[PDB]
């Protein structure tokens, strides 16, 4: 056997790990399958994509086209349906009819060998007809054959009877393909909509308590759900809900020693009261959790729990499974670190004494929470546990429960971030919070919406309990508004951490990304009712951004994204499309000064000619404009963070 086939079809993409791991999509998502396709000699080729479903049924006729002249790189868009493991193949072939037409259009006018040319056409169309399944279609082609062979008609009309739009459409549907050659199949994992598309809200239930009982419970915190749903969120992310250790408990503002009342850090998991399968006694019981989950469900909210594989020194594992930790010669276990950050309140897990026991216990714990209606997990610092351990764990869980979604909370070097996604993580945290200038956002999103999108789905949190960027610190509310618009329009999954709405932006000190009086170390009650009454929350904007996402299929996908040039460094423009839905966004990244600029739209990228003028509506205001190749904008911080426009019919 030869590696290369009769008609070369090479380097099909997407591909992950040379075919050893699947490429990704979700139900209803469109992406490009491509390949390098050409033949020997000078005649034309064609190609097409055969997408097969989990039962092996091929999808519809999907012809490809050359993506740029001289490159022999061909592509077509395909769309994933039901969930499961699919496959895709590229078929390449000689296209004798295109070749013959092109020659015939020169030779019949210039009078060279006309009978021989037309008879050669007739025989092609005869072979075309044999492989057409439909009777009306077959009769149409055999009619063009008899017109091609009628030697009493002028040559130009024998020809034109084979170039009619009626024949075109039969051949575009059932073309004559010579020497059909197939690539080896490549795997596609199709997962549920929520893996790619969703709005996420993070809050600490303990903070939502009462005057008589400041430490909130699942029952008091449930009161916070109707407002979260009213802001248009789909997922609630809860930091760890388990008991919290006492030995080396941290105090307020990340101090080493807790006082008597201090609540500790939820990530310091485990005490005599329980471990990763228990509920912190001050939050309530497993039943109170079921109630919280049930009430979330009625409002269209799914719960995501934090899974953090590590232990306080008081966790039961510390004595039940000493071999899950690395011990130093004196018997002690070194606290976990993430330089320059130190975690004096926890121990890391060691994996090389009993990898089987840890895997077995990890899936037991996830299955526990899954039985209680949690189908989504944020996996904390996955990059400090082995890559292959996550590969195994995710494959075990997704083998019985393929709807479960895992989110990799890894802010680390690129290779590890990409590898985690490739080995099964449905979603990834990103470098979003550190991309704030126009060049940074353009470069980064070009990467995420390009080839990386075949294996990674990004979750754009505009802030987290660990990240209050200097942009928000110095920019105030106008900066909060800009980052919300950006995050909500550039990724189909985005989120915020409670407090973001109120523009909380006081840092621990100058040059830090920690919050002052961080919620991680203390109860943080908030006056939601006052902020709403006084207009000092951006909840309305957030609510509107999520409404726009729900009304615009273009914002529920990632890969179709184009940046349009402007003449000001502080103003950025881009568009996204999905069928007949087109959304155009223009953002002023200066939160302090008003910016005016001309936005020069790449009109072909919108499906329009250069001279055209198109009606848009700014969905943030309800105002309508008429926009074409070149448009003046004026963006004043406080008043207008951005225009978020839809293209009208």
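Positions refer to the first chain, counted from 1.
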request  = Give the stretch, out of 526-534 and 378-386, with the larger mean C-alpha temperature factor in the deposited entry.
outcome  = 526-534
message = Can you tell me whether 601-609 has a higher mean C-alpha B factor than 578-586 in this record, or the other way round?
response = 601-609
query = Looking at 544, 520, 192, 174, which has the highest CA B-factor as recorded?
reply = 174
note = Comparing C-alpha B-factors across 105, 250, 556, 367 in this entry, the winner is 105
ask   = Once the chain's modelled residues are ordered by C-alpha B factor and cut into thirds, is residue 13 in the lowest, middle or highest one?
value = lowest
message = Based on the deposited C-alpha B factors for this chain, I'd like to know if residue 614 is in the lowest, middle or highest third.
response = highest
ask   = Thinking about Cα B factors across the chain, which third does residue 466 belong to?
value = lowest
remark   = Binned into thirds over the chain's modelled residues, the C-alpha B-factor of residue 215 lands in the middle
task = Rank-wise, by C-alpha B-factor, drop residue 339 into the lowest, middle or highest third of its chain.
result = highest
